[PDB]
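Starting off, we have a lone chain in the form deposited without this ligand, written out as C-alpha cells.
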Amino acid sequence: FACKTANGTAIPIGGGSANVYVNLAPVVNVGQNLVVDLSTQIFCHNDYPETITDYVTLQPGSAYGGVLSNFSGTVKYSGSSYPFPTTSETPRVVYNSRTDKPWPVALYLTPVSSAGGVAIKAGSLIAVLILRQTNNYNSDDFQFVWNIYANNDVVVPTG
C-alpha cells in the first residue's frame, strides 16, 4: 500500500503518518455538501501484489480539523456513505495491483446554516484521517494518521 498525491508527492508507507496536501473543490448539493473528493487527489498501489494483498480501512475518530473542526457530515468510502466524524471502522478496500488507483474517499458536510460558508486557506488543516492496514497472508496490522491540508483557497458551503 503505497500512495502519492496528484501533485506527485509521496506519502509515507509502513505505518508512518503523513501531512498530505490536496486540492479541493467544494460543491453545494441537495443534502450533504462536498468538502473534498480525495479520490481525485490521492492515488495508491501495491508494490508486491504477487506475494501479498493489502486491505485498508478508515478508523473511528477520523474527523475534520482546522476551521471545520466543529462540523459533522459523511464520508463516502468505496461507494458507501458513513457518518463523519467516524464512530466505527469502515469495511476494507483491497489493493492488489501495481497500477495506481484512487483512494476512494470523499468528505461531505451536513448543512447547518442558511447559505453560509467557511473559507479554507491554502496551507490550513482540513481533516485528520486514521487508517488501518492489514493483509491476507500475514498478521501485520498497524494504524497511521493522514493530516489532510489544503493546497488552494476555497469556500466550503455550509448551507
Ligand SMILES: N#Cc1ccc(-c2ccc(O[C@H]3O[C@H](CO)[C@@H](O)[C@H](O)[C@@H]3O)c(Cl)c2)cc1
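Residue numbers run from 1 along the displayed sequence.
Trainee: For the C-alpha atoms alone, is the average B factor greater in 37-45 or in 65-73, going by the entry?
Mentor: It is 65-73.
Trainee: Looking at the deposited entry, does 46-54 or 115-123 carry the larger mean Cα B-factor?
Mentor: Comparing 46-54 with 115-123, the higher average CA B-factor belongs to 46-54.
Trainee: Out of 109, 27, 131, 105, which residue has the highest Cα temperature factor in the PDB record?
Mentor: Within the set 109, 27, 131, 105, 27 shows the top C-alpha B-factor.
Trainee: Could you tell me which third, lowest, middle or highest, the C-alpha B-factor of residue 79 occupies within its chain?
Mentor: Top third by C-alpha B-factor.
Trainee: Lowest, middle or highest third: where is residue 151 by C-alpha B factor in its chain?
Mentor: For residue 151, whose C-alpha B-factor we compare with every modelled residue in the chain, the answer is the highest third.
Trainee: Among the modelled residues of its chain, does the C-alpha B-factor of residue 9 lie in the lowest, middle or highest third?
Mentor: According to the entry, residue 9 has a C-alpha B-factor in the chain's lowest third.
A second form of this protein, the form deposited with this ligand bound, is not displayed here; the remarks below concern that form.
Trainee: 94, 112, 52, 67: which sits within 4.5 Å of this ligand in the deposited complex by any heavy atom?
Mentor: When this ligand is considered in the deposited complex, the option within 4.5 Å is 52.
Trainee: Within 4.5 Å of this ligand in the deposited complex, do 48, 135 and 138 each have at least one heavy atom?
Mentor: Heavy-atom distance to this ligand in the deposited complex: all three under 4.5 Å.
Trainee: So, residue 13 and this ligand: in the deposited complex, are they within 4.5 Å at any heavy atom pair?
Mentor: Contact with this ligand, yes.
Trainee: Among 114-122, 86-94, 52-60, 22-30, which stretch has residues with heavy atoms no more than 4.5 Å from this ligand in the deposited complex?
Mentor: Of the options, only 52-60 has residues within 4.5 Å of the partner.
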